[PDB]
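**Student:** upload-v4.pdb is reproduced below (PDB, C-alpha atoms).
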ATOM      1  CA  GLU A   1       0.000   0.000   0.000
ATOM      2  CA  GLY A   2      -1.156   2.680   0.244
ATOM      3  CA  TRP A   3      -2.517   4.293   3.394
ATOM      4  CA  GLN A   4      -4.242   1.758   5.597
ATOM      5  CA  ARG A   5      -5.570   1.329   9.122
ATOM      6  CA  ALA A   6      -3.598  -0.579  11.711
ATOM      7  CA  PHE A   7      -3.015  -1.324  15.355
ATOM      8  CA  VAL A   8       0.283  -2.133  17.045
ATOM      9  CA  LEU A   9       0.327  -5.536  18.729
ATOM     10  CA  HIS A  10       3.806  -5.116  20.246
ATOM     11  CA  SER A  11       6.584  -2.566  20.294
ATOM     12  CA  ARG A  12      10.225  -3.093  21.271
ATOM     13  CA  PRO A  13      13.617  -1.414  20.951
ATOM     14  CA  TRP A  14      15.240  -2.466  17.688
ATOM     15  CA  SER A  15      18.252  -0.131  17.807
ATOM     16  CA  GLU A  16      19.555   2.924  19.578
ATOM     17  CA  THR A  17      17.022   5.056  17.739
ATOM     18  CA  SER A  18      14.479   2.651  16.239
ATOM     19  CA  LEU A  19      11.590   0.419  17.268
ATOM     20  CA  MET A  20      10.515  -2.965  16.009
ATOM     21  CA  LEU A  21       6.711  -3.143  15.676
ATOM     22  CA  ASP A  22       4.442  -6.130  15.220
ATOM     23  CA  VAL A  23       1.395  -4.609  13.598
ATOM     24  CA  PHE A  24      -2.104  -5.690  12.668
ATOM     25  CA  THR A  25      -3.042  -3.880   9.455
ATOM     26  CA  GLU A  26      -6.440  -3.901   7.800
ATOM     27  CA  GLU A  27      -5.307  -4.593   4.235
ATOM     28  CA  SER A  28      -1.948  -6.372   4.559
ATOM     29  CA  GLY A  29      -2.622  -8.497   7.643
ATOM     30  CA  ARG A  30       0.044  -8.917  10.299
ATOM     31  CA  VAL A  31       3.399  -7.364   9.401
ATOM     32  CA  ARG A  32       6.649  -6.556  11.154
ATOM     33  CA  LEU A  33       7.679  -2.931  10.797
ATOM     34  CA  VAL A  34      10.760  -0.979  11.704
ATOM     35  CA  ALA A  35      10.028   2.543  12.868
ATOM     36  CA  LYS A  36      13.221   4.579  12.287
ATOM     37  CA  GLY A  37      13.857   7.364  14.740
ATOM     38  CA  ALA A  38      10.873   6.489  16.890
ATOM     39  CA  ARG A  39      12.931   6.170  20.077
ATOM     40  CA  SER A  40      14.374   9.675  19.829
ATOM     41  CA  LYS A  41      13.192  12.430  22.185
ATOM     42  CA  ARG A  42      12.297  14.470  19.104
ATOM     43  CA  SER A  43       9.963  12.127  17.204
ATOM     44  CA  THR A  44       6.163  12.124  17.417
ATOM     45  CA  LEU A  45       6.142   8.472  16.358
ATOM     46  CA  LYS A  46       6.901   7.412  19.921
ATOM     47  CA  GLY A  47       3.674   8.578  21.565
ATOM     48  CA  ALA A  48       1.600   7.139  18.745
ATOM     49  CA  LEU A  49       3.111   3.709  18.240
ATOM     50  CA  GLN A  50       1.410   2.063  21.199
ATOM     51  CA  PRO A  51      -1.126  -0.748  21.436
ATOM     52  CA  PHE A  52      -4.800   0.334  21.369
ATOM     53  CA  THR A  53      -4.074   3.483  19.368
ATOM     54  CA  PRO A  54      -5.959   3.586  16.079
ATOM     55  CA  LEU A  55      -3.419   4.335  13.324
ATOM     56  CA  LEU A  56      -3.268   5.027   9.619
ATOM     57  CA  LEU A  57      -0.030   3.694   8.225
ATOM     58  CA  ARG A  58       2.070   3.629   5.085
ATOM     59  CA  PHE A  59       5.058   1.310   4.848
ATOM     60  CA  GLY A  60       7.282  -0.328   2.244
ATOM     61  CA  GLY A  61       9.720  -3.118   1.406
ATOM     62  CA  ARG A  62       9.874  -6.646  -0.017
ATOM     63  CA  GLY A  63      11.184  -8.617   2.957
ATOM     64  CA  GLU A  64       9.307 -10.054   5.898
ATOM     65  CA  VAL A  65      10.411  -6.937   7.762
ATOM     66  CA  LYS A  66       9.048  -3.761   6.231
ATOM     67  CA  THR A  67       9.986  -0.152   6.847
ATOM     68  CA  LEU A  68       7.453   2.350   8.161
ATOM     69  CA  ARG A  69       7.022   5.406   5.913
ATOM     70  CA  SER A  70       4.569   7.358   8.053
ATOM     71  CA  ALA A  71       1.911   6.930  10.673
ATOM     72  CA  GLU A  72      -1.004   9.116  11.670
ATOM     73  CA  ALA A  73      -3.109   8.960  14.804
ATOM     74  CA  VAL A  74      -5.996  10.952  16.247
ATOM     75  CA  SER A  75      -6.686   9.790  19.798
ATOM     76  CA  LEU A  76      -3.291   9.190  21.396
ATOM     77  CA  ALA A  77      -5.635   6.745  22.992
ATOM     78  CA  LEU A  78      -5.288   4.796  26.068
ATOM     79  CA  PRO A  79      -8.891   3.651  26.323
ATOM     80  CA  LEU A  80      -8.331   0.729  28.690
ATOM     81  CA  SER A  81      -7.687   0.315  32.429
ATOM     82  CA  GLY A  82      -7.174  -2.521  34.928
ATOM     83  CA  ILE A  83      -9.218  -5.584  34.031
ATOM     84  CA  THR A  84      -9.851  -4.091  30.624
ATOM     85  CA  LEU A  85      -6.157  -3.384  30.073
ATOM     86  CA  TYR A  86      -5.209  -7.000  30.745
ATOM     87  CA  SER A  87      -8.074  -7.968  28.453
ATOM     88  CA  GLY A  88      -6.730  -5.986  25.531
ATOM     89  CA  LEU A  89      -3.231  -7.337  26.217
ATOM     90  CA  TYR A  90      -4.822 -10.772  26.087
ATOM     91  CA  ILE A  91      -6.462 -10.158  22.719
ATOM     92  CA  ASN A  92      -3.174  -8.878  21.263
ATOM     93  CA  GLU A  93      -1.417 -11.944  22.598
ATOM     94  CA  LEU A  94      -4.001 -14.211  20.955
ATOM     95  CA  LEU A  95      -3.473 -12.488  17.653
ATOM     96  CA  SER A  96       0.293 -12.715  18.106
ATOM     97  CA  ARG A  97       0.205 -16.494  18.533
ATOM     98  CA  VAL A  98      -2.441 -17.157  15.998
ATOM     99  CA  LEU A  99      -2.172 -14.807  13.041
ATOM    100  CA  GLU A 100       0.084 -15.794  10.165
ATOM    101  CA  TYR A 101       2.162 -12.994   8.663
ATOM    102  CA  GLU A 102       0.972 -11.072   5.626
ATOM    103  CA  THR A 103      -2.389 -12.742   5.142
ATOM    104  CA  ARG A 104      -5.204 -10.220   4.768
ATOM    105  CA  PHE A 105      -7.802 -10.712   7.512
ATOM    106  CA  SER A 106      -9.959  -7.674   6.841
ATOM    107  CA  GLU A 107     -13.126  -8.993   8.475
ATOM    108  CA  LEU A 108     -11.082  -9.918  11.534
ATOM    109  CA  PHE A 109      -9.839  -6.330  11.551
ATOM    110  CA  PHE A 110     -13.455  -5.143  11.831
ATOM    111  CA  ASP A 111     -13.989  -7.654  14.660
ATOM    112  CA  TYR A 112     -10.918  -6.287  16.422
ATOM    113  CA  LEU A 113     -12.248  -2.732  16.038
ATOM    114  CA  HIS A 114     -15.576  -3.725  17.585
ATOM    115  CA  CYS A 115     -13.825  -5.552  20.390
ATOM    116  CA  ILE A 116     -11.711  -2.454  21.078
ATOM    117  CA  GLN A 117     -14.696  -0.105  20.938
ATOM    118  CA  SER A 118     -16.314  -2.431  23.508
ATOM    119  CA  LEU A 119     -13.364  -2.619  25.870
ATOM    120  CA  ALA A 120     -13.203   1.183  25.758
ATOM    121  CA  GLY A 121     -16.847   1.859  26.606
ATOM    122  CA  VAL A 122     -17.373  -0.617  29.452
ATOM    123  CA  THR A 123     -16.868  -1.049  33.121
ATOM    124  CA  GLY A 124     -17.600  -4.684  33.992
ATOM    125  CA  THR A 125     -17.530  -6.944  32.332
ATOM    126  CA  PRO A 126     -15.074  -7.358  29.427
ATOM    127  CA  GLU A 127     -16.104 -11.004  29.018
ATOM    128  CA  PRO A 128     -18.939 -10.734  26.485
ATOM    129  CA  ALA A 129     -16.659  -8.574  24.312
ATOM    130  CA  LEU A 130     -13.856 -11.106  24.753
ATOM    131  CA  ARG A 131     -15.952 -14.216  24.079
ATOM    132  CA  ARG A 132     -17.423 -12.548  21.010
ATOM    133  CA  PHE A 133     -13.948 -11.798  19.594
ATOM    134  CA  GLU A 134     -12.621 -15.301  20.346
ATOM    135  CA  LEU A 135     -15.488 -16.816  18.371
ATOM    136  CA  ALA A 136     -15.069 -14.410  15.474
ATOM    137  CA  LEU A 137     -11.364 -15.274  15.562
ATOM    138  CA  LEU A 138     -12.030 -19.031  15.580
ATOM    139  CA  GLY A 139     -14.350 -18.478  12.649
ATOM    140  CA  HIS A 140     -11.653 -16.627  10.762
ATOM    141  CA  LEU A 141      -9.047 -19.302  11.504
ATOM    142  CA  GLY A 142     -11.468 -21.825  10.001
ATOM    143  CA  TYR A 143     -12.382 -24.224  12.822
ATOM    144  CA  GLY A 144     -15.871 -24.726  11.391
ATOM    145  CA  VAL A 145     -17.719 -26.006  14.476
ATOM    146  CA  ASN A 146     -21.474 -26.435  14.010
ATOM    147  CA  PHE A 147     -23.293 -25.183  17.127
ATOM    148  CA  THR A 148     -26.866 -25.869  16.114
ATOM    149  CA  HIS A 149     -27.037 -29.494  14.938
ATOM    150  CA  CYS A 150     -25.819 -32.647  16.655
ATOM    151  CA  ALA A 151     -22.759 -34.038  14.845
ATOM    152  CA  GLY A 152     -23.242 -37.332  13.026
ATOM    153  CA  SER A 153     -26.961 -37.717  13.672
ATOM    154  CA  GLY A 154     -27.745 -34.312  12.148
ATOM    155  CA  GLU A 155     -30.375 -33.668  14.809
ATOM    156  CA  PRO A 156     -31.232 -30.104  15.883
ATOM    157  CA  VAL A 157     -29.896 -28.987  19.255
ATOM    158  CA  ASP A 158     -32.502 -28.634  22.024
ATOM    159  CA  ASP A 159     -32.225 -25.978  24.740
ATOM    160  CA  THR A 160     -32.462 -28.377  27.645
ATOM    161  CA  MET A 161     -30.531 -31.325  26.271
ATOM    162  CA  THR A 162     -26.852 -31.934  27.114
ATOM    163  CA  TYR A 163     -23.992 -32.317  24.609
ATOM    164  CA  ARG A 164     -20.301 -33.255  24.554
ATOM    165  CA  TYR A 165     -17.652 -31.406  22.561
ATOM    166  CA  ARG A 166     -15.280 -33.572  20.537
ATOM    167  CA  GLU A 167     -12.365 -31.571  19.108
ATOM    168  CA  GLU A 168     -12.506 -32.008  15.340
ATOM    169  CA  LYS A 169     -15.761 -33.913  15.776
ATOM    170  CA  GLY A 170     -18.497 -31.417  16.692
ATOM    171  CA  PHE A 171     -21.113 -31.776  19.445
ATOM    172  CA  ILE A 172     -23.018 -34.936  20.281
ATOM    173  CA  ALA A 173     -25.999 -35.444  22.569
ATOM    174  CA  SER A 174     -24.660 -36.995  25.750
ATOM    175  CA  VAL A 175     -25.575 -37.512  29.407
ATOM    176  CA  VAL A 176     -21.922 -37.642  30.412
ATOM    177  CA  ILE A 177     -21.499 -34.524  32.541
ATOM    178  CA  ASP A 178     -17.953 -33.164  32.596
ATOM    179  CA  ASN A 179     -15.744 -30.306  31.440
ATOM    180  CA  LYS A 180     -16.646 -30.989  27.798
ATOM    181  CA  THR A 181     -20.391 -30.928  28.438
ATOM    182  CA  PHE A 182     -22.639 -28.187  27.139
ATOM    183  CA  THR A 183     -26.292 -27.340  27.284
ATOM    184  CA  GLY A 184     -28.301 -26.807  24.105
ATOM    185  CA  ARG A 185     -28.975 -23.336  25.480
ATOM    186  CA  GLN A 186     -25.225 -22.743  25.782
ATOM    187  CA  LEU A 187     -24.616 -23.899  22.220
ATOM    188  CA  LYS A 188     -27.258 -21.430  21.010
ATOM    189  CA  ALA A 189     -25.581 -18.646  22.927
ATOM    190  CA  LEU A 190     -22.300 -19.611  21.249
ATOM    191  CA  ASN A 191     -23.838 -19.620  17.813
ATOM    192  CA  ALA A 192     -25.332 -16.184  18.433
ATOM    193  CA  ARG A 193     -22.368 -14.778  20.347
ATOM    194  CA  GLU A 194     -24.912 -13.309  22.739
ATOM    195  CA  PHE A 195     -24.613 -14.176  26.411
ATOM    196  CA  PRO A 196     -27.581 -12.739  28.293
ATOM    197  CA  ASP A 197     -26.721 -14.423  31.593
ATOM    198  CA  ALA A 198     -23.820 -15.639  33.716
ATOM    199  CA  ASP A 199     -24.499 -19.282  32.903
ATOM    200  CA  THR A 200     -23.974 -18.830  29.155
ATOM    201  CA  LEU A 201     -20.992 -16.504  29.755
ATOM    202  CA  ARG A 202     -19.360 -19.108  31.977
ATOM    203  CA  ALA A 203     -19.861 -21.844  29.393
ATOM    204  CA  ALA A 204     -18.680 -19.593  26.565
ATOM    205  CA  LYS A 205     -15.363 -19.102  28.373
ATOM    206  CA  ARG A 206     -14.977 -22.827  28.976
ATOM    207  CA  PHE A 207     -15.581 -23.516  25.308
ATOM    208  CA  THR A 208     -13.349 -20.861  23.728
ATOM    209  CA  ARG A 209     -10.443 -22.005  25.885
ATOM    210  CA  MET A 210     -10.754 -25.532  24.516
ATOM    211  CA  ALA A 211     -11.252 -24.535  20.910
ATOM    212  CA  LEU A 212      -8.340 -22.055  20.966
ATOM    213  CA  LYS A 213      -5.814 -24.491  22.468
ATOM    214  CA  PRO A 214      -4.942 -26.314  19.241
ATOM    215  CA  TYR A 215      -3.968 -22.924  17.837
ATOM    216  CA  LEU A 216      -1.816 -21.613  20.682
ATOM    217  CA  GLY A 217      -0.030 -24.784  20.359
ATOM    218  CA  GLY A 218       1.609 -25.561  23.665
ATOM    219  CA  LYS A 219       2.864 -22.453  25.433
ATOM    220  CA  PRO A 220       0.636 -20.888  28.088
ATOM    221  CA  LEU A 221      -0.550 -17.294  27.752
ATOM    222  CA  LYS A 222       1.626 -14.602  29.305
ATOM    223  CA  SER A 223      -1.303 -12.224  29.675
ATOM    224  CA  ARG A 224      -3.062 -14.710  31.944
ATOM    225  CA  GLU A 225       0.113 -14.867  34.057
ATOM    226  CA  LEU A 226      -0.255 -11.095  34.251
ATOM    227  CA  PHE A 227      -3.826 -10.964  35.539
ATOM    228  CA  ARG A 228      -2.987 -13.642  38.097
ATOM    229  CA  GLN A 229      -0.160 -11.614  39.573
ATOM    230  CA  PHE A 230      -2.099  -8.345  39.722
ATOM    231  CA  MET A 231      -5.612  -9.208  40.844
TER     232      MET A 231
END
Could you take the file, read its structure, and then write that structure out as structure tokens?

**Tutor:**
Amino acid sequence: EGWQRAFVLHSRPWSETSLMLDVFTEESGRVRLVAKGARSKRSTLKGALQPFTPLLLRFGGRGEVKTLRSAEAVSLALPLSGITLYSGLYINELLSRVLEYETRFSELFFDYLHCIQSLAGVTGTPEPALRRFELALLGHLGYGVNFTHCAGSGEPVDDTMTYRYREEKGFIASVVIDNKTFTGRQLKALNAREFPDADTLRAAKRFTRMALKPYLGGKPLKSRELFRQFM
């Protein structure tokens, strides 16, 4: 490109004067960007190149690592505090683990906007926002779980019936009650990404954990370690 919207996932010192950015861009997908000069007292880059700051970006180069040409912000935003800060950090960690470089995910970018607009305009609780983004993300990664029909038998899910999740398998009606067990009502909540009560929220969390695991593959989440130690 081309001017395009973006958010910074991470920012680190790359040299005496420069930063290395890991950026989520709307049209190019995830890219790594060097910001020359952005460490220097006398650059405006510095204040702008933070997570959760909406950006418009131009950058160039052929390699995996591109070079930032210019960046524009409006809100030098930090919309995000305490539980909601650690939530945003969480979402950026997810994307870091999960997003392949330089694949356009433009719908996902919209989902990330909405999730950010949510985390900004809430006090208690971030969870519906979070669960909704996880599911959009799983969608966009292509996990293809059917929430609304029993796997194999093809039978419609009933609110009050119980079901077991099989990774890679779908949901099947079951009276085995354990940590893979969901309620037809909970499956409907998941399919709608609406969670009107604590019971569906709870079960949403339990599910998205499981479904995300095969994508995080192996290492635990730092941002969880962060919440633990602060709360």

**Student:** At a cut-off of 9 Å, using all atoms listed in the file, what residues contact segment 220-222 of chain A? Leave out same-chain residues fewer than 2 positions from it and give the result as a ChimeraX atom specification.

**Tutor:** /A:90,93-94,216-218,224-226

**Student:** Store the residues of this selection in a file with C-alpha atoms, as an mmCIF file, in the coordinates of the input.

**Tutor:**
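Result file is selection13.cif:
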data_model
loop_
_atom_site.group_PDB
_atom_site.id
_atom_site.type_symbol
_atom_site.label_atom_id
_atom_site.label_comp_id
_atom_site.auth_asym_id
_atom_site.auth_seq_id
_atom_site.Cartn_x
_atom_site.Cartn_y
_atom_site.Cartn_z
ATOM 1 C CA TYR A 90 -4.822 -10.772 26.087
ATOM 2 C CA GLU A 93 -1.417 -11.944 22.598
ATOM 3 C CA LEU A 94 -4.001 -14.211 20.955
ATOM 4 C CA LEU A 216 -1.816 -21.613 20.682
ATOM 5 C CA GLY A 217 -0.030 -24.784 20.359
ATOM 6 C CA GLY A 218 1.609 -25.561 23.665
ATOM 7 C CA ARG A 224 -3.062 -14.710 31.944
ATOM 8 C CA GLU A 225 0.113 -14.867 34.057
ATOM 9 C CA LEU A 226 -0.255 -11.095 34.251
#

**Student:** Determine, for each residue of segment 70-154 of chain A having at least one atom at most 12 Å from an atom of segment 164-171 of chain A, the closest pair of atoms and their separation in Å to one decimal, counting only C-alpha atoms; order by chain and ascending number, as a Markdown table.

**Tutor:**
| residue | atom | partner | partner_atom | distance |
| --- | --- | --- | --- | --- |
| A:142 | CA | A:168 | CA | 11.5 |
| A:143 | CA | A:168 | CA | 8.2 |
| A:144 | CA | A:170 | CA | 8.9 |
| A:145 | CA | A:170 | CA | 5.9 |
| A:146 | CA | A:170 | CA | 6.4 |
| A:147 | CA | A:171 | CA | 7.3 |
| A:148 | CA | A:171 | CA | 8.9 |
| A:149 | CA | A:171 | CA | 7.8 |
| A:150 | CA | A:171 | CA | 5.5 |
| A:151 | CA | A:170 | CA | 5.3 |
| A:152 | CA | A:170 | CA | 8.4 |
| A:153 | CA | A:171 | CA | 10.1 |
| A:154 | CA | A:171 | CA | 10.2 |

**Student:** Would you save the residues from that selection as a PDB file, keeping the file's coordinate frame, using C-alpha atoms?

**Tutor:**
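Printed below is part.pdb as written:
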ATOM      1  CA  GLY A 142     -11.468 -21.825  10.001  1.00  0.00           C
ATOM      2  CA  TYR A 143     -12.382 -24.224  12.822  1.00  0.00           C
ATOM      3  CA  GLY A 144     -15.871 -24.726  11.391  1.00  0.00           C
ATOM      4  CA  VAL A 145     -17.719 -26.006  14.476  1.00  0.00           C
ATOM      5  CA  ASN A 146     -21.474 -26.435  14.010  1.00  0.00           C
ATOM      6  CA  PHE A 147     -23.293 -25.183  17.127  1.00  0.00           C
ATOM      7  CA  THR A 148     -26.866 -25.869  16.114  1.00  0.00           C
ATOM      8  CA  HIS A 149     -27.037 -29.494  14.938  1.00  0.00           C
ATOM      9  CA  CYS A 150     -25.819 -32.647  16.655  1.00  0.00           C
ATOM     10  CA  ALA A 151     -22.759 -34.038  14.845  1.00  0.00           C
ATOM     11  CA  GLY A 152     -23.242 -37.332  13.026  1.00  0.00           C
ATOM     12  CA  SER A 153     -26.961 -37.717  13.672  1.00  0.00           C
ATOM     13  CA  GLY A 154     -27.745 -34.312  12.148  1.00  0.00           C
TER      14      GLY A 154
END

**Student:** Leaving out residue 163 of chain A and any residue of its chain fewer than 4 positions from it, which residues lie within 12 Å of it when counting all atoms listed in the file, given as a PyMOL selection string?

**Tutor:** chain A and resi 147-151+155-159+170-188

**Student:** Env of residue 28 of chain A: 7 Å cut, atoms = all atoms listed in the file, seq-sep filter 6 positions within chain, self excluded. Answer as a list in words.

**Tutor:**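 My reading of the contact set: residues 102, 103 and 104 of chain A.
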
**Student:** Once you count only C-alpha atoms, what closest atom pair and distance in Å to one decimal does each residue of segment 2-55 of chain A within 10 Å of segment 72-78 of chain A have, with rows by chain and rising residue number, as a tab-separated table?

**Tutor:**
residue	atom	partner	partner_atom	distance
A:3	CA	A:72	CA	9.7
A:5	CA	A:72	CA	9.4
A:44	CA	A:72	CA	9.7
A:45	CA	A:72	CA	8.6
A:47	CA	A:76	CA	7.0
A:48	CA	A:76	CA	5.9
A:49	CA	A:73	CA	8.8
A:50	CA	A:76	CA	8.5
A:51	CA	A:78	CA	8.3
A:52	CA	A:78	CA	6.5
A:53	CA	A:77	CA	5.1
A:54	CA	A:73	CA	6.2
A:55	CA	A:73	CA	4.9

**Student:** Any idea what the distance is between atom CA of residue 24 of chain A and atom CA of residue 230 of chain A?

**Tutor:**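 Interatomic distance here is 27.2 Å.
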
**Student:** At what distance in Å, to one decimal, does atom CA of residue 126 of chain A lie from atom CA of residue 201 of chain A?

**Tutor:**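 It comes out at 10.9 Å.
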
**Student:** Evaluate the PyMOL selection byres ((chain A and resi 125) around 12) against this structure - the residues, as a count of residues only, please.

**Tutor:** 21

**Student:** Using only C-alpha atoms, which of A:212, A:20, A:115, A:80 sits nearest residue 141 of chain A?

**Tutor:**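 Answer, going by the shortest atom-to-atom distance: A:212.
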
**Student:** Pick out the residues sitting within 12 Å of residue 61 of chain A, and hand them over as a list in words; count all atoms listed in the file, and ignore anything fewer than 5 positions along from it in its own chain.

**Tutor:**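 Neighbouring residues, sequence-local ones excluded: residues 1, 31, 32, 33, 34, 66, 67, 68 and 69 of chain A.
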
**Student:** Quick check on the file I pasted: which residues fall under the PyMOL selection byres ((chain A and resi 208) around 10)? Write them as a PyMOL selection string.

**Tutor:** chain A and resi 130-135+138+190+203-207+209-213

**Student:** List every protein, DNA or RNA residue that has at least one atom no more than 7 Å from (-6.6, -6.8, 10.2) in the file's coordinates, counting all atoms listed in the file, and write the result as a ChimeraX atom specification.

**Tutor:** /A:24-27,29-30,104-106,108-109

**Student:** Name the closest residue to residue 59 of chain A among the candidates A:100, A:18, A:199, A:4; distances are taken between atoms, counting all atoms listed in the file.

**Tutor:**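 Closest to residue 59 of chain A, using all atoms listed in the file: A:4.
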
**Student:** Identify the residues around (15.8, 5.0, 19.6) within a radius of 6 Å, measuring from all atoms listed in the file in the coordinates stated by the file, and give them as a list in words.

**Tutor:**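 Taken together, the residues in range are residues 15, 16, 17, 18, 37, 38, 39 and 40 of chain A.
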
**Student:** Output C-alpha atoms for every residue in the selection just made, as a PDB file, in the frame of the given file.

**Tutor:**
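Written file, again.pdb:
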ATOM      1  CA  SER A  15      18.252  -0.131  17.807  1.00  0.00           C
ATOM      2  CA  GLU A  16      19.555   2.924  19.578  1.00  0.00           C
ATOM      3  CA  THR A  17      17.022   5.056  17.739  1.00  0.00           C
ATOM      4  CA  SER A  18      14.479   2.651  16.239  1.00  0.00           C
ATOM      5  CA  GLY A  37      13.857   7.364  14.740  1.00  0.00           C
ATOM      6  CA  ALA A  38      10.873   6.489  16.890  1.00  0.00           C
ATOM      7  CA  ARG A  39      12.931   6.170  20.077  1.00  0.00           C
ATOM      8  CA  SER A  40      14.374   9.675  19.829  1.00  0.00           C
TER       9      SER A  40
END

**Student:** I'd like to know which of A:23, A:71, A:65, A:136 is closest to residue 2 of chain A, using only C-alpha atoms.

**Tutor:**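 Once distances to residue 2 of chain A are computed over only C-alpha atoms, the minimum belongs to A:71.
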
**Student:** Could you state the separation of atom CA of residue 14 of chain A and atom CA of residue 60 of chain A in Å, given to one decimal place?

**Tutor:**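 Interatomic distance here is 17.5 Å.
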
**Student:** Would you compute the box with edges along x, y and z of the file around segment 45-56 of chain A, including every atom the file lists for it and 6 Å extra on each side, and give its centre and edge lengths in Å to one decimal, as JSON?

**Tutor:**
{"center_x": 0.5, "center_y": 3.9, "center_z": 15.6, "size_x": 24.9, "size_y": 21.3, "size_z": 23.9}

**Student:** How would segment 107-120 of chain A of the given structure read as a file with N, CA, C and O atoms, as a tab-separated table (two decimals), in the first residue's frame?

**Tutor:**
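Result file follows (part20.tsv):
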chain	number	residue	atom	x	y	z
A	107	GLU	N	-11.97	-8.78	7.61
A	107	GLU	CA	-13.13	-8.99	8.48
A	107	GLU	C	-12.69	-9.06	9.94
A	107	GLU	O	-13.29	-8.43	10.81
A	108	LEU	N	-11.66	-9.85	10.20
A	108	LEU	CA	-11.08	-9.92	11.53
A	108	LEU	C	-10.67	-8.54	12.05
A	108	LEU	O	-10.80	-8.25	13.24
A	109	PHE	N	-10.19	-7.68	11.16
A	109	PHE	CA	-9.84	-6.33	11.55
A	109	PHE	C	-11.06	-5.56	12.07
A	109	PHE	O	-11.00	-4.93	13.13
A	110	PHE	N	-12.16	-5.63	11.33
A	110	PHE	CA	-13.46	-5.14	11.83
A	110	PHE	C	-13.83	-5.72	13.20
A	110	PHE	O	-14.12	-4.97	14.13
A	111	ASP	N	-13.68	-7.04	13.37
A	111	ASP	CA	-13.99	-7.65	14.66
A	111	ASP	C	-13.11	-7.10	15.77
A	111	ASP	O	-13.53	-7.02	16.93
A	112	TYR	N	-11.85	-6.83	15.44
A	112	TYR	CA	-10.92	-6.29	16.42
A	112	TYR	C	-11.29	-4.84	16.76
A	112	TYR	O	-11.33	-4.47	17.93
A	113	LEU	N	-11.68	-4.06	15.76
A	113	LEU	CA	-12.25	-2.73	16.04
A	113	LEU	C	-13.42	-2.79	17.02
A	113	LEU	O	-13.46	-2.04	18.01
A	114	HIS	N	-14.37	-3.68	16.76
A	114	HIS	CA	-15.58	-3.73	17.58
A	114	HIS	C	-15.17	-4.14	18.98
A	114	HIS	O	-15.62	-3.54	19.96
A	115	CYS	N	-14.27	-5.11	19.07
A	115	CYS	CA	-13.83	-5.55	20.39
A	115	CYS	C	-13.15	-4.42	21.17
A	115	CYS	O	-13.37	-4.27	22.37
A	116	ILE	N	-12.39	-3.59	20.46
A	116	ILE	CA	-11.71	-2.45	21.08
A	116	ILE	C	-12.70	-1.36	21.47
A	116	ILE	O	-12.62	-0.81	22.57
A	117	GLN	N	-13.63	-1.04	20.58
A	117	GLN	CA	-14.70	-0.11	20.94
A	117	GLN	C	-15.45	-0.57	22.19
A	117	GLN	O	-15.73	0.24	23.08
A	118	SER	N	-15.67	-1.89	22.30
A	118	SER	CA	-16.31	-2.43	23.51
A	118	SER	C	-15.47	-2.23	24.75
A	118	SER	O	-16.00	-1.83	25.79
A	119	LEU	N	-14.22	-2.65	24.69
A	119	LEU	CA	-13.36	-2.62	25.87
A	119	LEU	C	-13.19	-1.18	26.35
A	119	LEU	O	-13.07	-0.94	27.55
A	120	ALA	N	-13.34	-0.23	25.43
A	120	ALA	CA	-13.20	1.18	25.76
A	120	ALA	C	-14.42	1.73	26.51
A	120	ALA	O	-14.28	2.57	27.40
